[PDB]
Structure formats: C-alpha cells, structure tokens
Amino acid sequence: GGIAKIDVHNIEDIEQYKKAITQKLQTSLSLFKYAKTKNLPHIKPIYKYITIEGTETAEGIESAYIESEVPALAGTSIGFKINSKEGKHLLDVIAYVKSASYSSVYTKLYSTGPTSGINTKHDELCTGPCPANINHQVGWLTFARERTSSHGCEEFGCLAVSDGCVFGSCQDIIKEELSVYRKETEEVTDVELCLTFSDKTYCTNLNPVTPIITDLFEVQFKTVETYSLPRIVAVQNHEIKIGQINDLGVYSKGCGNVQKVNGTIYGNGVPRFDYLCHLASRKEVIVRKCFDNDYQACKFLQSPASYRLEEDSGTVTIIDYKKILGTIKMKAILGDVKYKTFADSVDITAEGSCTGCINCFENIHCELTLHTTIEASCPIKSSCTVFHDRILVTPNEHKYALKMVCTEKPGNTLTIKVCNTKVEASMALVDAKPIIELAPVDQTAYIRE
Amino acid sequence: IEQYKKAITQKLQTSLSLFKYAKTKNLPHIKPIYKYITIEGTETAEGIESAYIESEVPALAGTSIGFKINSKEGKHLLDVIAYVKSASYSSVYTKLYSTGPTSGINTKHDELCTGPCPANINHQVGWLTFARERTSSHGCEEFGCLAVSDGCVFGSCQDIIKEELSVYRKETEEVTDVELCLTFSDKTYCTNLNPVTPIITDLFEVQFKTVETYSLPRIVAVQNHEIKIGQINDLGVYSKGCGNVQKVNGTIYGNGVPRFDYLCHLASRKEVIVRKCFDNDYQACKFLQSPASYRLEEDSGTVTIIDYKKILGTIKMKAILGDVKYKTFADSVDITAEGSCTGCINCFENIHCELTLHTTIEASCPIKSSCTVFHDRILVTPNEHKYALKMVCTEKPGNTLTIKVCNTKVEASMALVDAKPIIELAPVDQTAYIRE
Amino acid sequence: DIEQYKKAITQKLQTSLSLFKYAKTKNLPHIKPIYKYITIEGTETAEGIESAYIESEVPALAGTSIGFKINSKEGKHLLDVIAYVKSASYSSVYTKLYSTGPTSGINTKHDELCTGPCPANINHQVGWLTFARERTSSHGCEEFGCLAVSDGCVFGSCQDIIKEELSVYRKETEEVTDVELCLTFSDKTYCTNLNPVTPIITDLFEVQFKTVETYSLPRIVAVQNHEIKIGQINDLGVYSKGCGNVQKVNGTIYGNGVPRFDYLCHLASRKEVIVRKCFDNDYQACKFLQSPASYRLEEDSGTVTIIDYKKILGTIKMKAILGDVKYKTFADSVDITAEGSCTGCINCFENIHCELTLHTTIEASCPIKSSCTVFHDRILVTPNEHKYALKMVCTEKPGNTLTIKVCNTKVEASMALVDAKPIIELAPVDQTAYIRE
Ligand SMILES: *[C@@H]1O[C@H](CO[C@@H]2O[C@@H](C)[C@@H](O)[C@@H](O)[C@@H]2O)[C@@H](O[C@@H]2O[C@H](CO)[C@@H](O)[C@H](O)[C@H]2NC(C)=O)[C@H](O)[C@H]1NC(C)=O
Ligand SMILES: *[C@@H]1O[C@H](CO[C@@H]2O[C@@H](C)[C@@H](O)[C@@H](O)[C@@H]2O)[C@@H](O[C@@H]2O[C@H](CO)[C@@H](O)[C@H](O)[C@H]2NC(C)=O)[C@H](O)[C@H]1NC(C)=O
Ligand SMILES: *[C@@H]1O[C@H](CO[C@@H]2O[C@@H](C)[C@@H](O)[C@@H](O)[C@@H]2O)[C@@H](O[C@@H]2O[C@H](CO)[C@@H](O)[C@H](O)[C@H]2NC(C)=O)[C@H](O)[C@H]1NC(C)=O
C-alpha cells in the first residue's frame, strides 16, 4: 500500500497537478493486476448510477472516496469527473465492463445422422430350433424366426415342416451430419473491466472470490453462481443446436438415437425381418429396417442466439456473452478531491425489415440497421414479446438481428424501441412454412438377399 | 411544519411525477414489518446541502420498508413507505402439438394372391406400414387363389385420439418485471424497474441489482387450464412417455411397431387384426408435476408463463431530499392462525395443510417447520384468510405438526391417511381391437 | 485503562449477540481472513451518543471470512473480530419413485387354443406384457386332439425379473438456502443462520443476506451405493429407452416393449414357447450417467435430501457499529505447500484426474488457475484434510509438468497420459434371457 502514501494534496500548477495525479493513478493500477492496453475511443458512459461519497484520513493524508455499483454486463460504463476542491478540472476516468460471460468445455460423445443403408448377415437351418444365443458383431441387432422350413418353402433336400430356423444380424449405415458433445466442466465467469483516463487504458480480469484492491481504486465482483449451460449440445455445420438430444448410450426415440462413437455405430430397435420361399433353393431374407433412427427430429432443435462456439479438436467450449452476471462494486479513493459522475447522451439512427408468421414455430424475424456514434447498451422494448431483452450497439457493425413472438396480430408497422430511438419496422406476414419430415421412417432401405 | 411538510410532499410528488411514475391510490394496509441496514450521509451541491439515506431491499413481492423524514432536531415531518409491488419473470411459448389417449385406429389394407410384398408400401402422411409375406397357404386363400407360402398382406394404420392436453415450447428468453411504489401523505406513485438503467430523480434514486438466470421450463404441458411440467416430448420426438403421439396442424403423428396379424378364410379375403398402431404413453402424462409457483396467460397458440413468488435481486435506494434527518421504521406484525394437515409418508402426494391466517397488515412471512415445507415462505394479506401449503415429513408425525408463520407459532392438526393407490402406471399393450 | 475497556466492549458485543439469535460455539483457531474487501465507514448519531460504523460486503461462500481490528481513537488496539461464513448451501428433499437394475430373468404365462382366433382382450397381470400369434395350428404343428389348419391361437403374458441395483428419486420441495455466519473475538465464537427475507439487526452489529432465488437442483436423481448420479433418468411411468425404463414401484415391476416371442412345434407334445426378451431394459446406460462432485446426500427411509455446498449464493452485507472506535480491516497471507499427480487422456470421456496434497495453516477458499480447463473454478483447503481432487479437460497434449495454482502457491503436477479406457457395454441387450417352456 505504498502508492497511496504519496500526497499530492497541493501543487501550485494545475497542469503539473493533473499530470501528477494521472501518473499516481497510472502506477497505482500498473503496479497491481491491471495491464496497459489500447484505448477504445468510442466507449462513453450512457447512464448514471447511485453513488456514496466520503472521506477517510490516514496519518497526515486525507483521501476522498466515491463508491458506486454497476450491473455486470458487457458494454456497460460509468463516468467520473475528479476535481480538486472546487477547482477544475483534474481528470476524467471512464469504467466500462469489456467482457461479461460464462463458459464450459464439452467432450465429444458421438456422431449421428440419417440411415443410408443396412449391412446384413444371415443364415438358415433346415432342422432344429433357432440358436439360443445368436452370434452377432458388437452393436448389431439379431433377428430370428422359428419353424421356417415348411412344405413348398424348403431348401434343397430339406423335408422337415414347422422346424428349422432363419436368423441374422443387421447394422445401419449412416452419413454423419452432426456431432453431439456433453458438458464436462462447471460454468466459469470471465469478467474484464477497464479504466480509461488521459488517453490511456488499463484492464483487468475480475474474480468472484478475490477483490482487486489497489491503493487508489478498488473493485469487487458480487454475484450468485447459478448458470444454465445446456448439458448436451449438438453441433451441425458450425452451428449450435439444443433440445432433447440423447446422452451417450441412450437410445430413446429422438435426435441421436443412432450413435457412432469411435469406430462402430450403435443403435437399438426391432428389425423388420421376413423371408421368401423357394421349393428347392435357399430362402430369401427381407430386411426393411434395422435400427430405429429418429434423426429427422434433429431438424426441430432450437438454435440459441445468445451462445457462441469455440471448436477445438474433440472438445467444444460454449460461451454466453450477452447476459447480466451480477454487480460490480467500485470505490475510487484518489486523494483529497471531489467527484462528480457523468454520462453522455446517445444518438442512434435505425431502420428495419421484419417478416414471419403467427402461431407458428418460426414466429417473426427482424433485420435492423443501427448506426450509433458511441457504444451503447440499449434495452429494447416492443408491443410483441422480443426474444432478447436488450441489444448492444457499436459504431463498427451496423447490422443487427432480433426475433419476436406476437401474441397479437401485427400489421405493416412494427414498433420497437432501442434506447430512446423509437423505430418503426416494416413487416410483411408470410404464411407459416409447411411442416416436412415430421413423421418417422418406417423403412430405412429395402434389402432382399 | 405544515407549510414545509406540504412543500416536501408536493416537491417530491412532482419530482417523481416528472419521471415515469404513475399515481395510484394508497393502500393503508401495506406497512413495513422489518428494518434493514442503512448508510446515511450528506452531499453538498453548490450552496444547498442535502442529506441522503441509502438502503437495500430484497426484490420480492410483499416486501416493504419504512422511512421517517424529520427536520434537524425535530420530529416528525413525514412517513414514506417503499413497497415492492411486482417481482416476477415470464416467457411466452409456442404451441407444438395436442396429445391424448388413443380412442381408435384407422387402417387400410390390401392383399395379394401372388408375389412378394411391395418393396415400398404406399402410405398416407404420418401413418405406419405393416406387411407379412407368404400369406396365401392351404386353407388360407381368397377365391381363385391356389398358391402356397406366397402372396402378401400389407397395410397402413394411424391412431385416432381425443385431444385432452396441449404442449408448448419456450420461445423467448426469460424477462423480469419488477414494480415498486412510494406512499406519502396518502398518495402513491409506482414504476417498473430495469436491470440496465437506474431510475434517478433529483430527490429519489432506485437501482435494481440481479443476475440474469431463471428457471423457466423449456417445454410445458397445459391440461384443463392448469400448467403441468415433467418429461414431455418436444416436437417430433417420439420417445416413450408423455406426448409420444403428437397431433400437429391437421394430422396425428406417432411411432412404434404396429401389432398386426391376420385371420384365414377359405374362399374370402383375409381379415386383418390390429391391436396397436402408435406407441401411446399418454397415461404417463398423469404423473407430471404441477408447480405452484407459476401462473398462466393463455393466448391462442401461445402461452405466457409467469413466476411471481421468488427473490429476483436487490432494490437499492438513495433518498436525497434536503436538510432533514432520517429514521427508519417498521411496525410489528400480528397474525393469528390455525392449521389442518393430512397426508402420508414416503409417498408421491406427501402432506397437504390448510392454514387459517388472519393478519392486520400485508406481510412477507418466512415459514418454518420441523418437516420440510415445499415453499420456504408465504405472503399473508388482510384479504384472504385461508392459505394452503404442502410438506414432506421424512419420519412419522403425530397429532401435532408444528408450523411457524412469521413470529406466530402454530400447532397444526395432523392425521395420517394411507397413500393413494397407484393406478394406470403400466403401459397399454393394446390401444384397440381392430378386426375387418 | 485499555484492559477494562476492551473487556467492557467484548462483553457489550457479547451480550448484544447473546441478546439476539446468535449461539455460542467452540472458537476455531484456523479461521483467519485471506482477502481484504471494500469498506465504507461513517458515523451515526443516536440522541446524545455518537457511534462509528464500518460497512463491508462479502460473497456468501463457505469458508469466506473478513477481518476487523478495533482501535481506540489515537490508540491501539482493543479487539479483533473475524466474520466467518461457515455454511453456504442450498438443498431439496426428494421422494422415491422406483428401483431399477438389469434383467435377471423373465416370468411367462401362456395358453393355447386349437380353434378360433386369438382373444380380443388377452388376460394379463398388472404390469405384464401380452403376446399373441394367430394361425398356430398348422400342418405338422399340433397338440393332441387338434383337428384344424391355419387356425387357433397362442397367447401369453410376461414380466422381467430384475435385481435392484439402483434407486431413482424425484425432487418434491423447492430449493431452500442455508447460510450460517459466525463471529470470533476474545476466543469466543457466535454463529447464526441467515434469511434472505429478514435482516439480523443487533445493537452493535447488523447483517443482511442478498441473493437471487434460482438454483439448479436436478429434478430426477439416481442413487447407487450411497452415491448420487445424474443424467437422463426416466420419471415415474416414463418408459423411454434409457436409464430407468424398467421401474419397480411398490410391489410390482412395470416396463414396456415388444416381447420377442415365438414357439416350437412338437408332434407328440404341447408347443414350447421361446421368449428372448420381455421388457426393454436399458439399465446399461445408467453406467454412463455423470456423478456430480458438488453435491452430498442425506438418506432417510424412502426420501433423499440433496445439498449443494460449494457455490456462491449471494452477498453478505455487514454493518459493525461498536461505538466510538476506529476500524481497520485485516487479512493475513496464505502459506500453502503442495504436490500433485495427474493422469488421464485427451479427446476422451474421462479426461484428466489430479490428486493434490495441499497443506495449509489456515482455512482458505482458493481460486485455482491452470493452463487447461479445470472442472471446478476453485478449491477450499482446510488444515484437517490434506488430499484434494480436481479434474481437467486439456484441449492440447500435456507434457510431464502440468502447472496448477492454488491461491498463490504454484504447483508442479506430475502428468502421465494414459490411453482412453476401452468402451464396454455401450450396445443394448437384444436378449435378456432364453426362456423355453
Ligand atoms: C477405438 O477403436 C480402436 C479400433 O477401431 C475399431 O477396431 C475394431 C475393434 C472394430 O470395432 C472397428 O470397427 C473399429 O474401427 C481401438 O484401438 C485398438 O483396437 C484393438 C482391437 O483389437 C485393440 O486390440 C487395441 O488394444 C486398441 N488399441 C489400443 C491402443 O489399445 C481403441 O481401443 C478404441 N478406443 C476406445 C476408447 O474404445
Ligand atoms: C396445415 O394443414 C393445411 C391443410 O390441412 C391438411 O391438408 C392436407 C394436406 C391433409 O393432410 C389434411 O388431412 C390436412 O387437414 C395446410 O394448408 C393447405 O392445404 C392444402 C390442401 O389442399 C394444400 O394444397 C396447401 O399446400 C396447404 N398450404 C397452403 C399455404 O395453402 C397448411 O399448409 C398446413 N400448415 C403448415 C404450417 O404446414
Ligand atoms: C402397494 O402394494 C401393497 C400390496 O403389495 C402388493 O400386493 C399384491 C397386490 C401384489 O402386487 C404383491 O406382489 C405386492 O406385495 C398395497 O397394500 C395392500 O395390499 C392388499 C393385498 O391383499 C390390498 O388388498 C390392499 O388394497 C392394498 N392397500 C392397502 C391400503 O391396504 C398398497 O396399497 C400399495 N400401495 C400403493 C400406493 O398403491
């Protein structure tokens, strides 16, 4: 705690005084956990928050503190003006939250997909019952029928009736169009906070356990640790699909009931099996289906917008960046000074085009063009129920998407409000898209052998 | 005092009115039961000095705090009560399908004297196919058919169900509605709150603190205007359980292996015996849980679900009025109560209790029991005198079952009844008997 | 004099806490604050007496503590008070649904008809499955006295016989929060439970527990050999293929499936029945359930309470107003000695397991850091237990050294890559048994 002990209470010059306090805070944050990074000019506070001020006196030094709390949300920022005893001005410090997210890493369970073919092995017996245990390869299914040999249905030289057997095993052949990962690690929070003053920026990570206490500035991250990252996730063509998705070795009818793990494809079901008769020749086997394969249901999975993927070989990290993770508590005790918080006004221009349906699976989709001069975290409101409550507008990217469920019937005008800018979006109702492949597959292929 | 008390009452009144707050009738029966941690101080703006009190309160319906505002070395000037009117989170869901028990089966079948079964059986959408080879045999013919161990019988089936339940899917992310109110001189002003933007007036400031994680189930059943949750199939998912027969738009969809066999005639066409088509586990829908902490809003095709009972964060307040001194207050709560409890042990339904609770003021009451009560607290209001709550007693209770509502300690009358019989747990082998 | 005064204030706070709900317990020597937190100080005036308060906020996490040193204006020191969070957990109680396990046998009842079709309704016991074959009487396939051809029936019922090797319970009560806080001064400790609703306001000391009420306790849980396994586990009466699709509820076993059923023909005897499978029983899948590390069980007859102790449940706000004094918060430095041994694989289900020997002089809640992704973000070291476990997912291939950081102690862990364990019993059972009768 050595850098707080230097007292810059009074200097004759005000430029030298602001340079002295800027350096004092600079080495205060630099000496401790903060790292120097490239300053972002476009981040300015949009909002003002509740503040408590005071003064603590240690030995010969008097120091004034301001204490304020901020939602732990990416893009949120607050401004502080530091003045000396009704003199003006010393320094401006902006505190944004650069990163707020929680993540988990997943392990690959299996690959799945539709069934393109069936492999079959079969044998018949003229006499005797079916084998008590039918020989089959791992993950193949067995099928057997007693009493196969009958008059006019014999093989060569076979005279028995209501006797004999026809048995075999089968396995589906599939094409991999999807991979399924399982949530292995618990969910961890990455919060990155930064300070910008005198065209310089210093950043740090934050911890729920350990507060960051510098001499001149203190942050403490408060939260409750309850996060829902879905336990089992499908990935398809680099998209993230969630829903009712089978865990490893779980064959329940639904997405992923045929699992290819390591070398071999596993599945379950009752094979559709029957034979044809010849007089003097061997019986023909008819296999219409082997595994039950409900891969079609995978098309009906939800695709969440609030997550993002990082694919590493065999393992997939999933990140939630968009949500409020708690409260950031700050106490800025810079010396003998007076504090006045600021925030600027936000200017946004916008346009929008919305299309969709009602009482349907897809509901309504909106494409917004949002131009903002400064980065702003904007709560968005609508007459209908919008999926995500807010939207973070940045001067770099101008194209933003958002979806809606209208409990009522919308017209051409669709009112949506981003911060203070109230935007009328042009909407066109399209008929609900037709439902295809909802029904299961009776017959994966027709195998006659 | 009257001149100035009206000065602060009107001054704060238009200070709050300038912002989004709406004027509502003041309720005398809302009074604080608890006092919380406060930090006081004084901020100075130019020549005027203003004293602030800062206090934090749980974001829970029924929670309230009292403040008395005084003039320095004099008392008292004014009472302001802060009350949390609404704390809830909601989401809207889209209708996936209808389901229910299987009342009948539609079947179409065709027979062939000669040849194998068709390689592809033609069937209607969502129907299942069934086929048997080698149908024509001695004594098992149609007229003019003389073949043996040859021919075919093939067909299609679809269950016919009665719609007795509907299933919805969570479409929107989960959002929080919190509404707080202020009462002074028999006038009340209320407002909604936002996790992002604080509502800061000149004289009064509130900030809503939270983390954005909520337990709304992704898929919900609605049955006869109630909301039932459990293991319920998503759209197009046929796993055995509740909702494995889905009626979407016009046609009923299902999956399974039809129970199919034939009967023989000598000179006539063969009769088909269909005992089952779809796997229909609708009976399992009877075992869904019915959560008490939710409430429904039904719109055609879409259902909003609301959770009102839980603590969603903290409300932080800064009251900066002027040259005044602050002293927080809360009243004492008077509640009289009785209870009647019945139930079983190690059983699905456990114990249910009806309590008669009379309270003079609206109170958020933590409730305590030897047994484990489902919901940790209960909100008593002067309006309703009869309240219900359920329990799981791990051991066997006697006649006395002790329950404590706020500070009122209540003896509940308990009577053990045997567990309700378990019925229709087994699946249906045979949905119907179709012979034609 | 300072002695009489520190004893006077120790007694005053002591009777403040005794006057309120706090209970006296055995002082813990090993509890000292490791971290220093943000404090706001001030003075409130009640009538003629002026009192100075310190206010500080703390995460509601088991093992967390903060220190306060109380001085007299211009003099030091009077007394030390440590605020320790003894318990932070949330719990729910569950009711037993069913027992399950692999299929050891099959019970079968069957009857035969020489003439007529199969019965429109087949008689069967509760929870048994029915099976029927038309056209049973055919050439060469008879019982004595049967005249017919392409006619008759064979019907029956079956039930699996299992060995109970697992139990499944359903969450009946909502999740409730247990937080226990303590204060230590002059070798005396006072503890209390906390409530999100009602603050605890004493004369000299005030606490308020802040939280949001959202907790992830799994709705359905398996218990096996007094361990708690979670995953995709069927709710009561739900027969979907997976763990628990054969449920033994009360007296009788219930299940679902299509029985694999056929007969053999004899000339001189009655026909023999072949049942290869009755219920679909996917109990093998139960082997693949995850076993969560952050829970612990309490078993009562027929009901299971499940507790999560390891997570952050909110913030503890404290206001210590002791009168005219000066406050200065402390925390000590943490000394930990450690060794570690890690073995495991990559791109595999089991990933990496690490056993650490962690010796600490005081109880510490340690954030742990690693190059790889460790399962649990932190670990709580206490002087009693020296062996602590933690697992990892390494996206890359580790060497011999695997560095992991417990508080400020930096640990070199010996790593050995072993091949992934072979996957066994992933495929389902076609045939639960071979029954010929
Ligand atoms: C993953 O599979 C490989 C081999 O691939 C399989 O090989 C056959 C057994 C068959 O199932 C094919 O369809 C697959 O492609 C395993 O590697 C070796 O397998 C042989 C089999 O005889 C075994 O003797 C070796 O010990 C295995 N190699 C080692 C280093 O042990 C591998 O074990 C499988 N992995 C897992 C995790 O099961
Ligand atoms: C919902 O279904 C309707 C029609 O109902 C079905 O129509 C047949 C296909 C048959 O399956 C009936 O038993 C059902 O009741 C769809 O509306 C139109 O239906 C006509 C029928 O001739 C068809 O030609 C059109 O293509 C259909 N669509 C439109 C836009 O006219 C409707 O499309 C279905 N809804 C969805 C979302 O797919
Ligand atoms: C749980 O089952 C018991 C009986 O156990 C079974 O009883 C047989 C029907 C058979 O299935 C056995 O294998 C089991 O052991 C029920 O207790 C009573 O059982 C008697 C049998 O004579 C019956 O007459 C009563 O109606 C049953 N009930 C009572 C209250 O006496 C018990 O009811 C079952 N519990 C539930 C919740 O259904």
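Numbers and lists here come from the model and the stated rules, or from a named source; no laboratory read-out is quoted. Note that we place each Cβ from the backbone using ideal geometry, even for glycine, and neighbour counts take in every protein chain shown.
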Close pairs (7 angstrom Cβ cut-off, 6 or more residues apart or separate chains): within 10 Å of another protein chain (Cβ to nearest Cβ) in segment C:131-146, of a type in the set (S, T, Y) and not in a strand (DSSP E or B) anywhere: C:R135/C:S150; C:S138/A:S162; C:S138/C:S150; C:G140/A:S162; C:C141/A:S162
message: Restricting to segment C:396-437, name every residue that is part of a loop (DSSP other than H, G, I, E, B) and either crowded, with 19+ Cβ neighbours inside 10 Å or within 16 Å of ligand 3 (Cβ to nearest atom) (or both).
response: C:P398, C:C407, C:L426, C:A427, C:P428, C:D430, C:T432
query: If you take the residues in segment B:259-274 that are surrounded by fewer than 23 Cβ atoms within 10 Å (Cβ to Cβ) and within 28 Å of C:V246 (Cα to Cα), which one is farthest from ligand 3 (Cβ to nearest atom)?
result: B:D261
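Taking the stated definitions as given, is C:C372 within 16 Å of ligand 1 (Cβ to nearest atom) and either buried (at least 20 other Cβ atoms within 10 Å of the Cβ) or not assigned by TED's automatic domain parsing to the domain that holds C:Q11 (or both)? I'd like the intermediate steps shown before the answer.
Details: within 16 Å of ligand 1 (Cβ to nearest atom): no; either buried (at least 20 other Cβ atoms within 10 Å of the Cβ) or not assigned by TED's automatic domain parsing to the domain that holds C:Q11 (or both): yes.
No: the conditions fail for C:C372.
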- request: Identify all residues within segment A:45-66 that are in contact (Cβ under 8 Å) with a residue 24 or more places away in the chain, within 21 Å of B:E205 (Cβ to Cβ) and assigned to a strand (DSSP E or B); write none if there are none.
  value: A:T51, A:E53, A:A64, A:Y65, A:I66
message: Every residue in segment A:304-321 that is more than 14 Å from chain C (Cβ to nearest Cβ) and hydrophobic (A, V, I, L, M, F, W, C), please.
response: A:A305
task: May I ask you to list the residues in segment A:403-422 that are within 14 Å of chain B (Cβ to nearest Cβ) and free of Cβ contacts under 8 Å to residues at least 60 places away in the same chain?
output: A:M404, A:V405, A:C406, A:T407, A:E408, A:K409, A:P410, A:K417
task: Looking at (1) farther than 28 Å from B:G250 by Cβ; (2) in contact (Cβ under 8 Å) with a residue 12 or more places away in the chain; (3) crowded, with 18+ Cβ neighbours inside 10 Å, find the lone condition where A:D389 falls short.
output: (2)
- request: Look through segment C:375-402, keep the residues that are among the hydrophobic types (A, V, I, L, M, F, W, C) and out of contact with any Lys or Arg (no Cβ under 9 Å at 6 or more places or on another chain), and return whichever of them is farthest from the other protein chains (Cβ to nearest Cβ).
  value: C:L402
Hey, C:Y263 more than 16 Å from ligand 2 (Cβ to nearest atom) and either touching a residue at least 60 places away in the same chain (Cβ under 8 Å) or more than 8 Å from every other protein chain (Cβ to nearest Cβ) (or both) or not: yes
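Matching residues to (1) closer than 30 Å to B:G139 by Cβ; (2) facing another protein chain (nearest Cβ under 10 Å); (3) of a type outside the set (A, V, I, L, M); (4) touching a residue at least 40 places away in the same chain (Cβ under 8 Å):
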{"site": "B:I232", "(1), (2), (3), (4)": "no, yes, no, yes"}
{"site": "B:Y238", "(1), (2), (3), (4)": "no, yes, yes, yes"}
{"site": "B:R269", "(1), (2), (3), (4)": "yes, no, yes, yes"}
{"site": "B:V272", "(1), (2), (3), (4)": "yes, no, no, yes"}
{"site": "B:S290", "(1), (2), (3), (4)": "no, no, yes, yes"}
{"site": "B:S293", "(1), (2), (3), (4)": "no, yes, yes, yes"}
{"site": "B:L296", "(1), (2), (3), (4)": "no, no, no, yes"}
{"site": "B:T302", "(1), (2), (3), (4)": "no, yes, yes, yes"}
statement: Taking segment A:390-440 and the residues there that are away from ligand 2 (no atom under 16 Å from the Cβ) and among the basic types (K, R), the one that is nearest to B:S239 (Cα to Cα) would be A:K403
- request: Report yes if some residue within segment B:423-435 is free of Cβ contacts under 8 Å to residues at least 40 places away in the same chain, β-branched (V, I, T) and over 28 Å from C:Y90 (Cα atoms); otherwise report no.
  value: yes
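Closer than 27 Å to B:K327 by Cβ and of a type outside the set (D, E): which single residue out of C:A52, C:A8 fits that description?
Values: C:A8 fails: closer than 27 Å to B:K327 by Cβ.
So the residue among C:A52, C:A8 that is closer than 27 Å to B:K327 by Cβ and of a type outside the set (D, E) is C:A52.
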Complete set of residues in segment B:109-132 that are buried (at least 18 other Cβ atoms within 10 Å of the Cβ), within 46 Å of the chain's Cα centre (by Cα) and in a loop (DSSP other than H, G, I, E, B): B:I121, B:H123, B:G126, B:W127
- prompt: What residue, among those in segment C:413-437 that are under 33 Å from the mean Cα position of the chain (by Cα) and among the hydroxyl-bearing types (S, T, Y), is nearest to A:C170 (Cα to Cα)?
  reply: C:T432
- prompt: When you look at B:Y83, is it within 16 Å of ligand 2 (Cβ to nearest atom) and out of contact with any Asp or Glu (no Cβ under 6 Å at 6 or more places or on another chain), yes or no?
  reply: no
- request: Report the residue count in segment A:322-374 for those that are within 14 Å of chain B (Cβ to nearest Cβ) and either out of contact with any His (no Cβ under 8 Å at 6 or more places or on another chain) or part of a strand (DSSP E or B) (or both).
  value: 28
message: Would you confirm, using the coordinates I've provided, whether C:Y84 is within 25 Å of C:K24 (Cβ to Cβ) and assigned to a strand (DSSP E or B)?
response: yes
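Going through C:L313, C:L322, C:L289 one at a time, which residue ends up being crowded, with 18+ Cβ neighbours inside 10 Å and more than 30 Å from C:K171 (Cβ to Cβ)?
On the way: C:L313 fails: more than 30 Å from C:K171 (Cβ to Cβ); C:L289 fails: more than 30 Å from C:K171 (Cβ to Cβ).
That would be C:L322, the only listed residue that is crowded, with 18+ Cβ neighbours inside 10 Å and more than 30 Å from C:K171 (Cβ to Cβ).
Suppose the filter is away from ligand 3 (no atom under 16 Å from the Cβ) and surrounded by fewer than 18 Cβ atoms within 10 Å (Cβ to Cβ); does B:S239 pass it? Before you say what the answer is, go through the steps one by one.
On the way: away from ligand 3 (no atom under 16 Å from the Cβ): yes; surrounded by fewer than 18 Cβ atoms within 10 Å (Cβ to Cβ): no.
It is false that B:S239 is away from ligand 3 (no atom under 16 Å from the Cβ) and surrounded by fewer than 18 Cβ atoms within 10 Å (Cβ to Cβ).
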- request: Look at segment C:242-256 and say how many of its residues are facing chain B (nearest Cβ under 9 Å) and crowded, with 23+ Cβ neighbours inside 10 Å.
  value: 6
query: Could you say which residue among C:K69, C:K76, C:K21 is of a type in the set (K, R) and not in a strand (DSSP E or B)?
result: C:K21
query: Under the condition of being within 14 Å of chain A (Cβ to nearest Cβ) and touching a residue at least 40 places away in the same chain (Cβ under 8 Å), which residue from segment C:147-162 is surrounded by the most Cβ atoms within 10 Å (Cβ to Cβ)?
result: C:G152
- prompt: Among the residues of segment A:45-60, which ones are away from chain B (no Cβ under 11 Å) and surrounded by 20 or more Cβ atoms within 10 Å (Cβ to Cβ)?
  reply: A:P45
- prompt: Quick check: anything in segment B:293-310 surrounded by fewer than 19 Cβ atoms within 10 Å (Cβ to Cβ) and within 16 Å of ligand 2 (Cβ to nearest atom)?
  reply: yes
